[PDB]
Amino acid sequence: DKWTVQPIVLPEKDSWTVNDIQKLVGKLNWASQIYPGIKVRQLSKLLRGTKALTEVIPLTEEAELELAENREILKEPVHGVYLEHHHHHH
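One point on numbering: in the working numbering, the residue at position 75 of the sequence shown is 75, and numbering is uninterrupted.
Set out below in structure tokens:
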């Protein structure tokens with residue numbers, strides 16, 4: 001390691017509420033632009049289930065499948081010494 005993105009990580013439980021899914025879909029979304037292979041097509045659909053921010057929504061086979069594969073990708077560096085702008089000191 002040297003310098004690049006940050007350690008993008010998320011919790012893991014079998015009781016994701018709309019509020020928990022919502023925040024997630026946002027993480028995977030932003031992460032998507034910072035991590036490929038991530039999917040947020042089925043994750044967002046889960047919301048269509050309920051609106052209450054206290055409604056426990058489970059992850060569908062395809063939702064838990066992608067989420068998993070995602071949490072794994074975040075293990076990549078993405079960025080790291082590959083820009084070189086302008087600096088001279090030592």
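Here a beta-carbon is modelled for each residue, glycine too, at the ideal position from N, C-alpha and C.
Asked, Found
"Own chain partners of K27 with C-beta closer than 8 Å, once the 5 adjacent residues on each side are dropped", "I8, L10"
"Proximal residues to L53 (C-beta, below 7 Å), its chain only, five neighbours per side dropped", "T17, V18, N19"
"Alpha helix (DSSP H) segment containing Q33, residue limits", "Note, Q33: premise wrong, no alpha helix (DSSP H); not H, not E."
"At least three beta-carbon pairs within less than 8 Å, the segment 56-68 to the segment 79-89", "no"
"Residue interval of the alpha helix (DSSP H) (run including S44)", "42-47"
"Same chain, Cβ closer than 7 Å to residue 160, neighbours up to 5 away in sequence not counted", "A question about residue 160 goes unanswered here, because the residues of the chain that appear run from 1 up to 90."
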